[PDB]
Amino acid sequence: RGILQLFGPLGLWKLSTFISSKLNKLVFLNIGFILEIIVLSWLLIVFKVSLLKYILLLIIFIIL
Amino acid sequence: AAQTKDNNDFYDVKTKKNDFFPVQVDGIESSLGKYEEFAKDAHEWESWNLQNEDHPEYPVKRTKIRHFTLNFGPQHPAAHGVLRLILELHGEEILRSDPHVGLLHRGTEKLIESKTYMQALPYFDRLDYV
Ligand SMILES: CCCCCCCCCCCCCCCCCC(=O)OC[C@H](COP(=O)(O)OCCN)OC(=O)CCCCCCCCCCCCCCCCC
Ligand SMILES: CCCCCCCCCCCC(=O)OC[C@H](COP(=O)(O)OCC[N+](C)(C)C)OC(=O)CCCCCCCCCCC
């Protein structure tokens with residue numbers, strides 16, 4: 001009833017609720033929001049590919 | 001006529017008649033819990049809105065905007081003199097016409113009573129002066 005729930009249903013439910021609540025705030029009809037994300041993605045073309053894992057770490061920081 | 005809750009001088013809350021069935025929806029839930037478990041945070045979630053703007057009875061407070069009101073006033077070649085014709089237009093389409101007169105009211109009828117019949121005659125020269 002302890003660690004196997006934290007690393008199981010109860011723990012993953014809290015993780016899912018936290019992550020899904022973040023994603024629910026990103027779906028709203030707004031021109032400025034989607035334009036910023038489109039233009040931001042252009043940096044993947046500019047950046048050298050070795051920086052992908054740093055962008056991955058930065059994105060996980062923003063989830064918090 | 002009378003200031004009511006859904007209609008007054010400054011705004012109205014217009015609702016159309018509902019063409020569709022009054023469908024009942026109860027027990028709203030997601031895959032992580034019921035609606036009441038997250039309804040506190042659902043104000044930030046646009047996908048959690050229970051009221052649809054296409055519904056005929058959706059509440060909208062609309063300010064009562066004056067329609068395009070034009071003074072076709074005395075200083076205008078169309079008006080044959082002094083006529084403050086007030087027109088409420090929809091673009092150029094006339095919706096209501098309010099002719100304001102008295103800009104040439106000179107009290108001829110009042111003045112005539114103070115004149116003899118011979119003296120009052122020239123007043124008639126100046127009513128329809130063509
Ligand atoms: C033997 C059985 C084996 C099977 C088990 C396998 C699952 C093991 C994983 C266990 C880890 C999840 C369980 C513990 C998570 C608990 C989440 C949580 O409590 O939220 C923490 C915090 C929000 O704070 P709050 O919960 O409100 O209060 C603090 C309570 N002390 O918010 C947080 O800090 C959460 C961290 C933010 C989210 C980080 C996201 C990282 C990337 C997602 C992780 C999964 C990656 C999957 C990738 C593919 C997905 C398609
Ligand atoms: C890889 C090694 C083998 C592991 C096999 C898979 C086990 C997965 C954990 C069980 C989850 C479960 O059963 O999901 C069912 C549970 C039910 O939760 P509940 O008891 O109703 O409490 C929840 C409600 N409360 C707290 C209010 C009472 O829904 C959840 O929590 C939703 C989160 C789903 C996450 C699923 C991700 C699975 C990833 C698997 C690989 C990491």
# chains A, B, ... in the order shown; residues from 1 in each chain; ligands from 1
$ closest_atom_pairs --of "chain B" --to "chain A" --cutoff "6 Å" --atoms "only C-alpha atoms" --output "JSON lines"
{"residue": "B:44", "atom": "CA", "partner": "A:25", "partner_atom": "CA", "distance": 5.9}
{"residue": "B:45", "atom": "CA", "partner": "A:25", "partner_atom": "CA", "distance": 5.4}
{"residue": "B:46", "atom": "CA", "partner": "A:28", "partner_atom": "CA", "distance": 5.7}
$ residues_near_ligand --ligand "ligand 2" --cutoff "8 Å" --atoms "only C-alpha atoms and all ligand atoms" --output "PDB file with N, CA and C atoms, in the first residue's frame"
ATOM      1  N   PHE A   7       4.766   4.316  -6.904  1.00  0.00           N
ATOM      2  CA  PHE A   7       5.200   3.839  -8.215  1.00  0.00           C
ATOM      3  C   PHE A   7       4.145   2.928  -8.828  1.00  0.00           C
ATOM      4  N   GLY A   8       2.916   3.427  -8.866  1.00  0.00           N
ATOM      5  CA  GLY A   8       1.795   2.670  -9.359  1.00  0.00           C
ATOM      6  C   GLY A   8       0.615   3.562  -9.669  1.00  0.00           C
ATOM      7  N   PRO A   9      -0.592   3.085  -9.363  1.00  0.00           N
ATOM      8  CA  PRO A   9      -1.792   3.855  -9.734  1.00  0.00           C
ATOM      9  C   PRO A   9      -1.892   5.207  -9.047  1.00  0.00           C
ATOM     10  N   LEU A  10      -1.759   5.247  -7.721  1.00  0.00           N
ATOM     11  CA  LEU A  10      -1.953   6.499  -6.996  1.00  0.00           C
ATOM     12  C   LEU A  10      -0.894   7.531  -7.366  1.00  0.00           C
ATOM     13  N   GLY A  11       0.363   7.105  -7.489  1.00  0.00           N
ATOM     14  CA  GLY A  11       1.416   8.038  -7.851  1.00  0.00           C
ATOM     15  C   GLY A  11       1.295   8.545  -9.275  1.00  0.00           C
ATOM     16  N   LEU A  12       0.952   7.659 -10.211  1.00  0.00           N
ATOM     17  CA  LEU A  12       0.786   8.082 -11.597  1.00  0.00           C
ATOM     18  C   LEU A  12      -0.471   8.918 -11.788  1.00  0.00           C
ATOM     19  N   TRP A  13      -1.500   8.710 -10.961  1.00  0.00           N
ATOM     20  CA  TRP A  13      -2.685   9.555 -11.058  1.00  0.00           C
ATOM     21  C   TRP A  13      -2.360  10.999 -10.705  1.00  0.00           C
ATOM     22  N   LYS A  14      -1.552  11.207  -9.665  1.00  0.00           N
ATOM     23  CA  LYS A  14      -1.147  12.561  -9.304  1.00  0.00           C
ATOM     24  C   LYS A  14      -0.254  13.174 -10.375  1.00  0.00           C
ATOM     25  N   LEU A  15       0.640  12.375 -10.957  1.00  0.00           N
ATOM     26  CA  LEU A  15       1.474  12.870 -12.045  1.00  0.00           C
ATOM     27  C   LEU A  15       0.637  13.213 -13.271  1.00  0.00           C
ATOM     28  N   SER A  16      -0.330  12.359 -13.610  1.00  0.00           N
ATOM     29  CA  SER A  16      -1.190  12.622 -14.759  1.00  0.00           C
ATOM     30  C   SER A  16      -2.041  13.865 -14.543  1.00  0.00           C
ATOM     31  N   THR A  17      -2.590  14.030 -13.339  1.00  0.00           N
ATOM     32  CA  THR A  17      -3.407  15.205 -13.055  1.00  0.00           C
ATOM     33  C   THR A  17      -2.588  16.484 -13.158  1.00  0.00           C
TER      34      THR A  17
ATOM     35  N   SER B  31     -11.345  11.486 -17.595  1.00  0.00           N
ATOM     36  CA  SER B  31     -10.724  10.209 -17.275  1.00  0.00           C
ATOM     37  C   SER B  31      -9.947  10.240 -15.964  1.00  0.00           C
ATOM     38  N   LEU B  32      -9.777  11.413 -15.351  1.00  0.00           N
ATOM     39  CA  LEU B  32      -9.078  11.532 -14.081  1.00  0.00           C
ATOM     40  C   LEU B  32      -9.991  11.872 -12.913  1.00  0.00           C
ATOM     41  N   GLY B  33     -11.247  12.210 -13.164  1.00  0.00           N
ATOM     42  CA  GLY B  33     -12.156  12.535 -12.085  1.00  0.00           C
ATOM     43  C   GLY B  33     -13.413  13.185 -12.617  1.00  0.00           C
TER      44      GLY B  33
END
$ atom_distance --atom1 "atom CA of residue B:109" --atom2 "atom CA of residue B:124"
10.2 Å
$ residues_around --residues "residue B:14" --least-positions-apart "5" --cutoff "10 Å" --atoms "only C-alpha atoms" --output "ChimeraX atom specification"
/B:6-7,56-62
$ residues_around --residues "stretch 43-60 of chain A" --least-positions-apart "6" --cutoff "12 Å" --atoms "only C-alpha atoms" --output "list in words"
residues 19, 22, 36 and 37 of chain A
$ select_by_dssp --residues "stretch 45-82 of chain B" --states "strand (DSSP E or B)" --output "list in words"
residues 61, 62, 63, 68, 69, 70, 71 and 72 of chain B
$ residues_around --residues "stretch 95-108 of chain B" --least-positions-apart "5" --cutoff "9 Å" --atoms "only C-alpha atoms" --output "count of residues only"
16
$ select_by_dssp --residues "stretch 11-97 of chain B" --states "alpha helix (DSSP H)" --output "PyMOL selection string"
chain B and resi 35-38
$ write_last_selection --atoms "N, CA, C and O atoms" --output "CSV table (one decimal), in the first residue's frame"
chain,number,residue,atom,x,y,z
B,35,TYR,N,-16.4,16.2,-12.8
B,35,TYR,CA,-16.4,17.6,-13.1
B,35,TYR,C,-16.2,18.5,-11.9
B,35,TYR,O,-15.4,19.4,-11.9
B,36,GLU,N,-16.9,18.2,-10.8
B,36,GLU,CA,-16.7,18.9,-9.5
B,36,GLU,C,-15.4,18.9,-8.9
B,36,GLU,O,-15.0,19.7,-8.1
B,37,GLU,N,-14.6,17.8,-9.2
B,37,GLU,CA,-13.3,17.7,-8.7
B,37,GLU,C,-12.3,18.7,-9.3
B,37,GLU,O,-11.3,19.1,-8.6
B,38,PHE,N,-12.5,19.2,-10.5
B,38,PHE,CA,-11.6,20.1,-11.2
B,38,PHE,C,-12.3,21.4,-11.6
B,38,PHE,O,-11.7,22.2,-12.2
